[PDB]
Amino acid sequence: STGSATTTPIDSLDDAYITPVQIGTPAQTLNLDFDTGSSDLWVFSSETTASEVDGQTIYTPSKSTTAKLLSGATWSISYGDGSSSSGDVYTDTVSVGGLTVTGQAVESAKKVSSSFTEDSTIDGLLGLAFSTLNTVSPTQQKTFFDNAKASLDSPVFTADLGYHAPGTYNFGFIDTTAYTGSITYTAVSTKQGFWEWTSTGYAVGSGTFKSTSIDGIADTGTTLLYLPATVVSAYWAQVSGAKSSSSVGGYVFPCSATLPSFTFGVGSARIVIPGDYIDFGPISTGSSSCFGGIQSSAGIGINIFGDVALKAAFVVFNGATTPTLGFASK
Ligand SMILES: NC(=O)c1cc2ccccc2[nH]1
């Protein structure tokens, strides 16, 4: 089997991407944030504290003839941005772009933190990291990809995120029309539960490439690119007037600037992020200070190849017995 679904930016900045997902019988369609940096599929629901729902579409398990309470199971997750959610668990039928999993753990939120409530466009998350990070207790649950894998034509999914435009998540096949050149594959460590790999270096604009190992994670659920402070300083030094602001929480730059590109290495191959992809707009409405899309990872403990980096590439998440990651230009 295969599946193919369009993913759409939630706003004009590409802060996140939503993909329609069918849950239950008859189908209830929710728009989920596919997150290769976590491993829980959770949704706003009829059980969510009413004051914490503000415009989201909810899953109502009592209206699904295939929903079953997973007795005794609870979940609770806290994300790197400080947001969180928790609740109980049902199993139900879940379909993405024509690909159907029966018996998928659907984690129903009883509580969500303010940032989820305040984002009316995201009805939940669909985790695509390794199932060892799933938070369901006392019996850990598998991701949608792990449950589908045996049925797929090939044990892979691909992320093709758009810049200010829709893109695609495919499951079970590699669309050879969706990228240019060849796909360069690179080793993955699953030891932390993430799609963790080592970039071979970077360049700023037309500058020379610096060969240096940068260990980080491919994370569709993080907006920006988070890299070591040395690398980030070298980038922003090429932008007149750019500075790190503790009050804002990162590097800012004059909105009048033209940003240089940023290149990262994948083996001997190179992925070029155009400068415009690094502009996240005014820090507050009407400001002439703009927020940068490349930020330091120094306070995080890990480097994160988020959407800023991933949307410059066609990315293969290869879930073979020995997982790997593939990157192609597009
Ligand atoms: N137990 C947790 O709060 C938790 C698990 C996890 C996995 C990926 C990303 C964030 C996460 N938070």
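Chain A is numbered as in Swiss-Prot, which gives 90-419 for the residues shown.
The deposited model was determined using X-ray crystallography, 1.3 Å.
Using the three backbone atoms N, Cα and C, a Cβ is placed for every residue, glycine included.
Under the heading active site, Swiss-Prot lists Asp124 (among others). A C-beta separation below 8 Å, combined with a sequence spacing of at least six in one chain, links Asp124 (active site) to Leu214, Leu215, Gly216, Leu217, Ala218, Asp308, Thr309, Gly310. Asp124 (active site) carries a strand DSSP state (E or B).
Per Swiss-Prot, active site is recorded for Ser288 (among others). Annotation note: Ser288 (active site) sits in a strand segment as assigned by DSSP.
When secondary structure is read from DSSP and collapsed to three states, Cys344 (disulfide bond) falls in the coil class. Taken from Swiss-Prot, the feature disulfide bond applies to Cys344-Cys379.
Taken from Swiss-Prot, the feature domain 'Peptidase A1' covers 106-417.
In this view, the densest Cβ surroundings among the disulfide-bonded residues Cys344, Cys379 belong to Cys379, judged by other Cβ atoms lying within 10 Å. Counting only residues at least six positions away in the same chain, the Cβ atoms of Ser302, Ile303, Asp304, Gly305, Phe353, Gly354, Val355, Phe394 sit under 8 Å from the Cβ of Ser288 (active site).
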